[PDB]
Undergrad: 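Okay, handing you the structure first.
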Amino acid sequence: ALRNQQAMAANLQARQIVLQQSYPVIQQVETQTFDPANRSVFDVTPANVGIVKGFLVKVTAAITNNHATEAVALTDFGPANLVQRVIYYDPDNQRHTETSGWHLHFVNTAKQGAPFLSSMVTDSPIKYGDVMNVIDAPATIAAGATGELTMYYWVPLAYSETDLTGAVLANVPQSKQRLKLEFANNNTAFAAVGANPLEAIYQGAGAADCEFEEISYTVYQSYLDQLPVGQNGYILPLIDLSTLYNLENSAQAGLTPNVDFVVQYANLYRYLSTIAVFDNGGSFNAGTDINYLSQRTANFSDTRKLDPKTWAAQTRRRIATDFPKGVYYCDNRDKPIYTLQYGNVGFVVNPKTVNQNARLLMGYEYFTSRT
Amino acid sequence: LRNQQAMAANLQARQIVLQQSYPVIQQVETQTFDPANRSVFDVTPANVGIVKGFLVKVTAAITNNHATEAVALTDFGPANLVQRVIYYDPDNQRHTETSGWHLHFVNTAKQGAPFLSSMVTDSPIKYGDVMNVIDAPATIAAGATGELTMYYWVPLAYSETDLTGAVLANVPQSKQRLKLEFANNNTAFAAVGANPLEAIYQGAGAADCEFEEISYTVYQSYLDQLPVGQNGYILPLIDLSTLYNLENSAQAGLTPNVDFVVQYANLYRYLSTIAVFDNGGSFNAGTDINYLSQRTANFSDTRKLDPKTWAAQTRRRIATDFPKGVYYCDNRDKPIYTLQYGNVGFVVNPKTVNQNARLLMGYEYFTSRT
Amino acid sequence: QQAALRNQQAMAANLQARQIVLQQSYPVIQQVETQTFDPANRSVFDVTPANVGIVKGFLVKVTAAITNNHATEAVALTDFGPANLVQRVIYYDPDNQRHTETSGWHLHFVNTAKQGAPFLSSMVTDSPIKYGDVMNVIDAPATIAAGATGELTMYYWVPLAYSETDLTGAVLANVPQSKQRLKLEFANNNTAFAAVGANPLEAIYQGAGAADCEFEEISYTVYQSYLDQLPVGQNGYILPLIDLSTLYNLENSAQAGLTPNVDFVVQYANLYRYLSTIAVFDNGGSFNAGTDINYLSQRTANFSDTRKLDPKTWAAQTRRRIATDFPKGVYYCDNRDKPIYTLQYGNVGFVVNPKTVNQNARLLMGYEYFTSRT
Ligand SMILES: [Cl-]
Ligand SMILES: [Cl-]
Ligand code: NA
Ligand code: NA
Ligand code: NA
Ligand code: NA
Ligand code: NA
Ligand code: NA
Ligand code: NA
C-alpha cells in the first residue's frame, strides 16, 4: 500500500511539473472537403508530438432540400449527428474512445457545464451574441432551399486541461495514431415523417429529396510540447499515461411497463458519467413515459431513485438546462461507479409506457488501466 | 490558544467523512391534498447518518372558475406555493424558519443563477426547457386550469462540501420535524389592487380561482456509511455543533428621505441579507429608493450605493436581477458579526413611502448551538 | 550566482502579507464623485479619488439621455453602443505613475472577459419567477426614432488590483501630499453619432438621423473600492510589497499595413507579462464576422504558432471563456495562466492573416498586462 500511495504522489508531482514546464499547442492536422455520397469514412493521422490531450474537430456542411413542396426540420440532436461515429487508437494500437457523435457531444456539454460552445442569451445592449455561428444549423430547410451547418466535437484523450489522466505520449516516430471519423450521409441524415429520428439531422415530409452538397472537416490536435527533462529523462505522470479515459455507447432492449429495467455496469471500469437515451420506438418523450430512474447496488438499495423531473433537476444543476427529450444524464465524477468497491451496480429505468422496438441507448464515460 | 487545532481537526474529519461516506438522496414522503381541507403538514424525515438537506417538490393545479376574467403570475409566482418552512432537529433545536419565497431566493443566491432554471442559448441541438422543472403558466384564463411545478432546497449543511450546519441523526432516536405550510385558496390569489406579495396569481378573476389540488414529495439528502476510527465515528464536531439557518422578519416605520435602519443581532454570523421593499403593495424597480447600505455605528457605511449600482453587485452573484423591490447583499467571505447587538445595521433610505410600507428581511447565518 | 533564494523568499513573504491583509482589513466601496453635464460644454473630467488604504479599483456609473432631433430618420446602436459612452480612461497613482490608459470599449471587453460573461448582463432563463432585466444596469435602446429620446446606462470597472483575491496592481494611497487621478474622456456630440457609411468604431449610434442627434446630458458617479483598517505588526503595516510595486494595466494601440493573404504581425514588447490580448479588425469602417480573415495566431521567434486557427475555431475558444462571441471583428486571446513574456521565449507576436483588406484598414490592439513599477 505504501508503494501505491507513493506511486500516486509521484504521478501527481510529475503531472504538475509537466503542466508548469511544457507549453500547450493546438494546431491543424488535416482538412478535407468531400461529398458523403462519394466517401464518408476517414482515417486521420495525428502528428506524433509530445503528450496529446485531444482533438477539436470542426465540421461544416451544406444540405439542399429539393422536395417539390415539403420542408424538413431539425431533429432533437440535429448537427450533433453530422458525425455518426468516432474511434481513436493510440501508437500501440490500443483503442480509447469509440462512440457516436451525439454521445460525444453530450459529454462535451456535461464537461463544459453548459451546451457545448453555445452562445448564452442576455439583455446586454453591446452586440455580443451569436456572431460567429460556432455551432449552428437552420431550424428548417424549406423545399428548394440550401442550409449551412457548423458543428464542433472535442475528442478527449486527457480528462481535462489540468488532469492528464488518459493523455497519450506520442514520441515514437514510426508508430502512428489513428482518428477515424465516420460521417453522416444521405441515408442517415434525413428521416421521413414517422421514421426514427435518433441518428438523423433533419426530419420532415421533404426528407426523401434532401441531399448533402458537401461536408468539410478540419482536425486540430491539442498537445503539450517542450516536455520537462530531469535526472532520468522525461518527467512523466506514469499513471496518467497508462490509464485510458474513454467514451463508449451500447443499446439495451427488453423493457416492459412498470418493471425495473436494469443495465448492469458490466465492466470493472471507473464510470464517471452515464447517459441513457430512451428511444421509445422512435418516440422521444420528456419524461412522461418513465416512472423513475435510479442507480442501484447489489444490496438492492437505491442511492438516487428519482421521478423524472427531479432527476432532471439534478442535471439542470450540472449543465444549466435540460438535455433533449428522452436523454437522461447521471454525474458520478467525484465518486465513480466501480463494482469492486461495492456489489455490482446497475442503472435503472422503470418505464410507464413501452412502445414497439423500445430500447435504452447507454453512453459511458470511464477510466480503465491499459493493464 | 487551542482552536487552531480544534478547527484543523474539524476540517480533517469533514474531509474524511466526505471521502469515505456515500451520498444518498431518498424519497421520504409524498402526499396529495386539497388546501380547502388542509395546508399544514409535518414531515418526519428518516434518522440516518448525517443529514444535509431536503429537496421539496411541489406540484399544483389551479382552476380559474371566473366567468370572464383571467389572472396573471405575481412576481414571486410559484415560489409562493410554500408559504413557510420550519425545521426542528432531533434535539428539539430549530434551524431554518422562513418563508417559501425567501428560501427560494437563497436557493438562487447559492446556485449563482435562478434556482433550477434552464438558460437560453443559440444551440441548434434541442437543449432547453424540456422538463419544466420549475414552471407555471404566465396567465390562467377564465375557465382554464394551469399546472405548476416548484422545487425548494431546505439546507441543513451549508453546501455539498461544507458540512457546517449538517445534522447527525444516525443515532439521536428522537424525531426530526420538517414543517411545511402551503399556499391555500386564501393566500394564492390576489384581487386587482390587493397586495400580491404572498400570492401566486393576481387579476380580475382572482376571487373565483381555486386549487384543484396540491401534491408534494420530500427527498432527503444524507451521507451514509460514516467512517469509523479509534474513538469511534470520525465526525467534524464544529460542523455538527453549528447551526446554518435562514430566518425572516418584518420592519415598519419608513419615512421619505430618512435612513431606515434594521439592526443585525449579535452572536450570529450573517452570510447574506435580503430586503424586500413592500411599498404598501407596490413593488418598484429601485425608483422608490435613494440608496441602500450596510453601516457600522461609528465607522459609517461600507457600501452605500444607489439602487442600480447595488443591483450591479447582485448581477455579479446571480447573473440577473432579483424581482422588483427585492434587494440582495452577499457577505459570505466576511460575515456580518458583532459582539454587541446592532453594532451593524442594514440601511434603506426611501425616496417614496406609501401607506402600509415595510421591509421584509431575510437572513442566512451561522451560529453556535451553545 | 544562486542567491535567487531572495526571490523565492520575497514571493512567500508577499503572498503571506497579501493573505493577512485580505483576512484582517475590511472592504469598502464608497462614492467619491458625481456630476451631470452637457457634452456640448465639456466632456473631459479629472477625478481626484480619496487617499484611504489600499485601493483596488473604481466602479464608474454613466447615464445619458440622447435625443434624435432628425425630422424623419432613425439611428441604431453600433456594435459597441453604450460601451462608447466613455472614450478613454487613464489612471495615475500618488507617485504620478500611469496604470491603465485605454479606450472605454477595451476596458469593457476586459470587464466581460474577467467576469466570464457579458459584463453585468442579465441572462435569459425559463424561470417563471420574475427575475430578468428588472434594474437595467447596462442598457440602451436598440434604436432611437426621429423625434425620440433614449436613456442609457453603462458601467465600467477600472481595475488597479487584478482581482478581489489577487492584489497584484493595487495601490497604497496614504500620502496626504500627492493625489491619485482618474481621468475620464467622455463621448460628445462629435464622437457618439455616426452617419451612414462613416466608421462606427467609436460611436454609440449610427444611422440616417445621426447629424441631428445630441446628448441632453451625461451623468457619472465614481465609486472607489478599497481596503481599510489595514493590519499592523512588529514592523508596522503588513503589506504585500510585490503586489503594491507591480502595475496591472490595460492599454490599447493601433497598427496599419495589412495586405491580403500576408501575415500581419504585431510584436509584444519585452518586460511586460501579457495576460490577454484583444484585436479588433477595423476593416476600413467595416466590421465582419471573421469572413475577412484567413486565420489568427500567436507566434514565437521560430515560426512556431501555438494556436494558428481559422476564425470560427478561434471564436470557439472565446465561447469557452465568456459564453458567447465578442462583437463582429473583435477577437480575444486568453494567456492568463501562462502570460506572454518575451524573456521566457524569443520575441512573440500576435498574427492576423487577412483575406480581404479595405482602404484604411487597421488592427486595434488591447492588452492586459503586469509590469514592475521599477
Ligand atoms: Cl384533502
Ligand atoms: Cl455642463
Ligand atoms: Na465511393
Ligand atoms: Na416551463
Ligand atoms: Na379566495
Ligand atoms: Na421570522
Ligand atoms: Na435593458
Ligand atoms: Na454630431
Ligand atoms: Na498607451
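Every number for a ligand or one of its atoms is a count from 1 in the order of the listing. First the proteins, then the strands, lettered A, B, ... as listed; each starts at 1.
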Undergrad: Could you check whether B:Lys324 makes a cation-pi contact with B:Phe283, meaning its NZ or CZ is under 6.0 Å from the centre of the six-membered ring and within 45° of the ring axis?
TA: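 Negative - B:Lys324 is either too far from the ring of B:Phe283 or too far off its axis.
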Undergrad: Any heavy-atom pair between the side chains of B:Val276 and B:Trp101 that's under 4.5 Å?
TA: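 They are in side-chain contact.
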Undergrad: Of the backbone and side-chain N, O or S atoms of C:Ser122, does one lie nearer to the Na ion (ligand 7) than 3.0 Å?
TA: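 For C:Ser122, the answer is no, given that no N, O or S atom comes within less than 3.0 Å of the Na ion (ligand 7).
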Undergrad: Considering just N/O/S atoms, say which atom of C:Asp133 is closest to the Na ion (ligand 7).
TA: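 Output for this pair reads OD2.
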Undergrad: Is it the case that the side chains of B:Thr108 and C:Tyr131 hold a donor-acceptor pair, with the cut-off being a distance below 3.5 Å and no angle test?
TA: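 Short answer, yes.
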Undergrad: Go through the steps for A:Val131 and C:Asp79 under the test side chain to side chain contact (heavy atoms under 4.5 Å, CB included), then give the verdict.
TA: CA-CA 11 Å; A:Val131 173; C:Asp79 289 353; over 6 Å; no
Undergrad: Could you pull out the atom name of the N/O/S atom in C:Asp139 that is nearest the Na ion (ligand 7)?
TA: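 Answer by atom name: OD1.
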Undergrad: Between C:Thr67 and C:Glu216, do the side chains contain a donor N or O and an acceptor N or O under 3.5 Å apart?
TA: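 Side chains of C:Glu216 and C:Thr67: pair found under 3.5 Å.
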Undergrad: I need the single residue from B:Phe115, B:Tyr328, B:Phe76 that forms a ring-ring contact (aromatic ring centres under 6.0 Å, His included) with B:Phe105. Which is it?
TA: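 Result for ring-ring contact (aromatic ring centres under 6.0 Å, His included) with B:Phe105: B:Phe76.
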Undergrad: Does the pair A:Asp43/A:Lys176 count as a salt bridge with the N-to-O cut at 4.0 Å?
TA: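 No, this pair does not count.
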Undergrad: Students often mix this up, so state it plainly: with edges at 30° and 60°, are the rings of C:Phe45 and C:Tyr220 parallel, tilted or perpendicular?
TA: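 Because their plane-to-plane angle is over 60°, the rings of C:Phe45 and C:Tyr220 count as perpendicular.
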Undergrad: Would you say A:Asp123 has an N, O or S atom lying under 3.0 Å from the Na ion (ligand 7)?
TA: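 For A:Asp123, the answer is no, given that no N, O or S atom comes within less than 3.0 Å of the Na ion (ligand 7).
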Undergrad: Give every protein N, O or S atom lying under 3.0 Å from the Na ion (ligand 3), naming each by residue and atom.
TA: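 Correct list: A:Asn38 O.
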